[PDB]
Amino acid sequence: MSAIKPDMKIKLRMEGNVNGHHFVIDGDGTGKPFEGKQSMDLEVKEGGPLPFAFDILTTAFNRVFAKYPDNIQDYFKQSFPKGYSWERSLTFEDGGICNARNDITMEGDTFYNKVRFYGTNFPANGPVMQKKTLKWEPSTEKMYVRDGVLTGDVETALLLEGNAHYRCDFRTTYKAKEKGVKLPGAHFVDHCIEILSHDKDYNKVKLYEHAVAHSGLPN
C-alpha cells in the first residue's frame with residue numbers, strides 16, 4: 001500500500017523571468033504515476049502574451065509520473081509522502097541558458113509544485129525570442145549518481161520551423177526531502193512531452209508527458 005495512488009491530481013504555480021520578461025503561470029492536472037503519464041491545463045496569469053516560445057517552459061511543468069520496472073529503484077515514488085526537489089539547467093546551442101527548479105509536495109491525492117524558471121542570454125533574433133519552435137523531440141534521460149546526487153542528463157532539441165533543430169542539453173539534480181532515500185543505480189528514462197492544445201498566444205496550454213524507465217534492453 002503506497003502513499004501514491006494510481007490516479008493523482010497535480011496543482012502548480014510557476015513564476016519566472018526570461019530575457020527580462022516576468023510571468024506567472026498556474027496549472028491543474030492529473031496523472032497515473034504507475035503508467036508514467038500526466039496531463040495538465042496551464043494558464044498564464046501575469047505577463048501574457050509571453051514574448052518567447054512556450055516550449056522552453058514545458059519540461060519544468062515531476063518524475064513520479066514515470067513507469068519504473070521492478071529492477072530499477074524508483075527514487076521518486078520512494079520520496080513520498082515528504083517529497084523531493086529538482087534543479088535543472090537548460091543549455092541551448094546559441095547561448096541561451098535557463099535554470100529551473102521545482103519543490104514537489106503531496107497533500108492527500110494532490111502533488112503541489114512550486115516552480116521557478118529563469119532564462120537569459122537568448123539572442124533577440126533567435127528561435128526562442130522569435131517564437132519559431134514547434135516541439136521537443138522525444139528523448140532519453142541518462143540517470144546516474146554524480147557527487148553523491150541523483151543526476152539526469154538529456155541531449156535533445158526543439159524542432160523549429162523550416163526543417164531545422166535547435167539543440168539543448170539538460171542536466172537535472174534530484175534530491176529527496178527525507179534523509180535516507182536510497183539512490184538508484186544508473187538507468188534511462190524515455191520521455192515524450194507534447195502540447196496537446198493551446199490558444200492564440202499560448203495563454204492556455206494543455207500539456208502531456210509520458211515517461212518510462214528502463215535499463216537499455218529490449219527486455
# chains A, B, ... in the order shown; residues from 1 in each chain; ligands from 1
>>> residues_around(residues="residue 13 in chain A", least_positions_apart="6", cutoff="8 Å", atoms="only C-alpha atoms", output="PyMOL selection string")
chain A and resi 24-27+113-115
>>> closest_atom_pairs(of="range 59-96 of chain A", to="range 120-138 of chain A", cutoff="8 Å", atoms="only C-alpha atoms", output="Markdown table")
| residue | atom | partner | partner_atom | distance |
| --- | --- | --- | --- | --- |
| A:94 | CA | A:122 | CA | 7.3 |
| A:95 | CA | A:121 | CA | 6.1 |
| A:96 | CA | A:122 | CA | 4.2 |
>>> select_by_dssp(residues="range 19-155 of chain A", states="helix (DSSP H, G or I)", output="number ranges by chain")
A: 54-60, 75-78, 127-130
>>> closest_residue(among="A:166, A:78, A:50, A:141", to="residue 2 in chain A", atoms="only C-alpha atoms")
A:78
>>> residues_around(residues="residue 64 in chain A", least_positions_apart="3", cutoff="6 Å", atoms="only C-alpha atoms", output="short mmCIF file (atom, residue, chain, number, x, y, z; two decimals) with N, CA, C and O atoms, in the first residue's frame")
data_model
loop_
_atom_site.label_atom_id
_atom_site.label_comp_id
_atom_site.auth_asym_id
_atom_site.auth_seq_id
_atom_site.Cartn_x
_atom_site.Cartn_y
_atom_site.Cartn_z
N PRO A 33 0.66 7.71 -11.95
CA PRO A 33 2.10 7.54 -11.63
C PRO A 33 2.67 6.20 -12.10
O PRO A 33 3.81 6.16 -12.55
N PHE A 76 11.77 8.44 -7.03
CA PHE A 76 10.72 9.47 -6.96
C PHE A 76 9.54 8.97 -6.18
O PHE A 76 9.09 9.69 -5.27
N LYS A 77 9.06 7.77 -6.44
CA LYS A 77 7.95 7.28 -5.65
C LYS A 77 8.37 7.07 -4.20
O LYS A 77 7.56 7.32 -3.29
#
>>> select_by_dssp(residues="range 62-192 of chain A", states="strand (DSSP E)", output="ChimeraX atom specification")
/A:84-92,97-107,110-120,133-136,139-146,149-160,164-176,187-192
>>> closest_residue(among="A:14, A:207, A:192, A:56", to="residue 140 in chain A", atoms="only C-alpha atoms")
A:192
>>> atom_distance(atom1="CA of residue 38 in chain A", atom2="CA of residue 112 in chain A")
13.7 Å
>>> atom_distance(atom1="CA of residue 57 in chain A", atom2="CA of residue 148 in chain A")
27.6 Å
>>> closest_residue(among="A:106, A:217, A:40, A:212", to="residue 194 in chain A", atoms="only C-alpha atoms")
A:40
>>> residues_around(residues="residue 30 in chain A", least_positions_apart="5", cutoff="9 Å", atoms="only C-alpha atoms", output="list in words")
residues 7, 8, 9, 10, 11, 37, 38, 39, 40 and 110 of chain A
>>> write_last_selection(atoms="C-alpha atoms", output="PDB file, in the first residue's frame")
ATOM      1  CA  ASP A   7      -4.729   8.401 -10.054  1.00  0.00           C
ATOM      2  CA  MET A   8      -3.269  11.593  -8.631  1.00  0.00           C
ATOM      3  CA  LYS A   9      -4.008  15.277  -9.092  1.00  0.00           C
ATOM      4  CA  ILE A  10      -1.469  17.990  -9.935  1.00  0.00           C
ATOM      5  CA  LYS A  11      -1.520  21.648  -8.836  1.00  0.00           C
ATOM      6  CA  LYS A  37       1.504   9.558 -17.784  1.00  0.00           C
ATOM      7  CA  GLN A  38       0.378  13.044 -16.828  1.00  0.00           C
ATOM      8  CA  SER A  39      -1.568  15.877 -18.363  1.00  0.00           C
ATOM      9  CA  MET A  40      -2.360  19.366 -17.230  1.00  0.00           C
ATOM     10  CA  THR A 110      -2.520  16.000  -4.995  1.00  0.00           C
TER      11      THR A 110
END
>>> closest_residue(among="A:139, A:104, A:181, A:175", to="residue 193 in chain A", atoms="only C-alpha atoms")
A:139
>>> closest_residue(among="A:45, A:214, A:146, A:82", to="residue 172 in chain A", atoms="only C-alpha atoms")
A:146
>>> atom_distance(atom1="CA of residue 185 in chain A", atom2="CA of residue 79 in chain A")
15.7 Å
>>> closest_residue(among="A:143, A:55, A:74, A:66", to="residue 157 in chain A", atoms="only C-alpha atoms")
A:55
>>> residues_around(residues="residue 84 in chain A", least_positions_apart="6", cutoff="9 Å", atoms="only C-alpha atoms", output="PyMOL selection string")
chain A and resi 76+102-105+174-178
>>> decode(residues="range 3-18 of chain A", atoms="N, CA, C and O atoms", output="PDB file, in the first residue's frame")
ATOM      1  N   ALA A   3       1.873   5.461  -0.628  1.00  0.00           N
ATOM      2  CA  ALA A   3       1.435   6.852  -0.382  1.00  0.00           C
ATOM      3  C   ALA A   3       0.857   7.376  -1.694  1.00  0.00           C
ATOM      4  O   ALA A   3       0.067   8.303  -1.721  1.00  0.00           O
ATOM      5  N   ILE A   4       1.310   6.837  -2.794  1.00  0.00           N
ATOM      6  CA  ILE A   4       0.874   7.259  -4.136  1.00  0.00           C
ATOM      7  C   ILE A   4      -0.195   6.367  -4.726  1.00  0.00           C
ATOM      8  O   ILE A   4      -0.085   5.140  -4.754  1.00  0.00           O
ATOM      9  N   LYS A   5      -1.254   7.025  -5.124  1.00  0.00           N
ATOM     10  CA  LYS A   5      -2.463   6.385  -5.670  1.00  0.00           C
ATOM     11  C   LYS A   5      -2.298   6.194  -7.162  1.00  0.00           C
ATOM     12  O   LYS A   5      -1.540   6.911  -7.802  1.00  0.00           O
ATOM     13  N   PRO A   6      -3.044   5.250  -7.788  1.00  0.00           N
ATOM     14  CA  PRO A   6      -2.985   5.093  -9.242  1.00  0.00           C
ATOM     15  C   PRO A   6      -3.446   6.323 -10.047  1.00  0.00           C
ATOM     16  O   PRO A   6      -3.000   6.468 -11.163  1.00  0.00           O
ATOM     17  N   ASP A   7      -4.300   7.135  -9.457  1.00  0.00           N
ATOM     18  CA  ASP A   7      -4.729   8.401 -10.054  1.00  0.00           C
ATOM     19  C   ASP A   7      -4.424   9.496  -9.046  1.00  0.00           C
ATOM     20  O   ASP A   7      -4.881   9.426  -7.929  1.00  0.00           O
ATOM     21  N   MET A   8      -3.641  10.476  -9.474  1.00  0.00           N
ATOM     22  CA  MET A   8      -3.269  11.593  -8.631  1.00  0.00           C
ATOM     23  C   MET A   8      -3.596  12.890  -9.348  1.00  0.00           C
ATOM     24  O   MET A   8      -3.647  12.945 -10.552  1.00  0.00           O
ATOM     25  N   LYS A   9      -3.814  13.925  -8.581  1.00  0.00           N
ATOM     26  CA  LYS A   9      -4.008  15.277  -9.092  1.00  0.00           C
ATOM     27  C   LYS A   9      -2.694  16.049  -9.024  1.00  0.00           C
ATOM     28  O   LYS A   9      -1.756  15.687  -8.295  1.00  0.00           O
ATOM     29  N   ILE A  10      -2.660  17.138  -9.798  1.00  0.00           N
ATOM     30  CA  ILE A  10      -1.469  17.990  -9.935  1.00  0.00           C
ATOM     31  C   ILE A  10      -1.925  19.418  -9.793  1.00  0.00           C
ATOM     32  O   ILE A  10      -2.864  19.834 -10.528  1.00  0.00           O
ATOM     33  N   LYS A  11      -1.298  20.203  -8.932  1.00  0.00           N
ATOM     34  CA  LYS A  11      -1.520  21.648  -8.836  1.00  0.00           C
ATOM     35  C   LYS A  11      -0.160  22.310  -8.905  1.00  0.00           C
ATOM     36  O   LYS A  11       0.787  21.850  -8.275  1.00  0.00           O
ATOM     37  N   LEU A  12      -0.063  23.382  -9.644  1.00  0.00           N
ATOM     38  CA  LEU A  12       1.250  24.032  -9.745  1.00  0.00           C
ATOM     39  C   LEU A  12       1.122  25.519  -9.964  1.00  0.00           C
ATOM     40  O   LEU A  12       0.104  26.040 -10.462  1.00  0.00           O
ATOM     41  N   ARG A  13       2.136  26.245  -9.514  1.00  0.00           N
ATOM     42  CA  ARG A  13       2.321  27.633  -9.931  1.00  0.00           C
ATOM     43  C   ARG A  13       3.797  27.738 -10.255  1.00  0.00           C
ATOM     44  O   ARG A  13       4.651  27.243  -9.508  1.00  0.00           O
ATOM     45  N   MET A  14       4.063  28.380 -11.372  1.00  0.00           N
ATOM     46  CA  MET A  14       5.377  28.776 -11.860  1.00  0.00           C
ATOM     47  C   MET A  14       5.472  30.295 -11.851  1.00  0.00           C
ATOM     48  O   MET A  14       4.580  30.992 -12.310  1.00  0.00           O
ATOM     49  N   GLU A  15       6.606  30.793 -11.360  1.00  0.00           N
ATOM     50  CA  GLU A  15       6.956  32.189 -11.586  1.00  0.00           C
ATOM     51  C   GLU A  15       8.343  32.211 -12.200  1.00  0.00           C
ATOM     52  O   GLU A  15       9.177  31.344 -11.924  1.00  0.00           O
ATOM     53  N   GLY A  16       8.590  33.185 -13.042  1.00  0.00           N
ATOM     54  CA  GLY A  16       9.881  33.214 -13.707  1.00  0.00           C
ATOM     55  C   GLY A  16      10.107  34.472 -14.485  1.00  0.00           C
ATOM     56  O   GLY A  16       9.313  35.414 -14.460  1.00  0.00           O
ATOM     57  N   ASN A  17      11.243  34.468 -15.155  1.00  0.00           N
ATOM     58  CA  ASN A  17      11.677  35.598 -15.930  1.00  0.00           C
ATOM     59  C   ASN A  17      12.597  35.114 -17.031  1.00  0.00           C
ATOM     60  O   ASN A  17      13.588  34.418 -16.724  1.00  0.00           O
ATOM     61  N   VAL A  18      12.277  35.401 -18.280  1.00  0.00           N
ATOM     62  CA  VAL A  18      13.081  35.008 -19.436  1.00  0.00           C
ATOM     63  C   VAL A  18      13.458  36.269 -20.196  1.00  0.00           C
ATOM     64  O   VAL A  18      12.593  37.003 -20.662  1.00  0.00           O
TER      65      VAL A  18
END
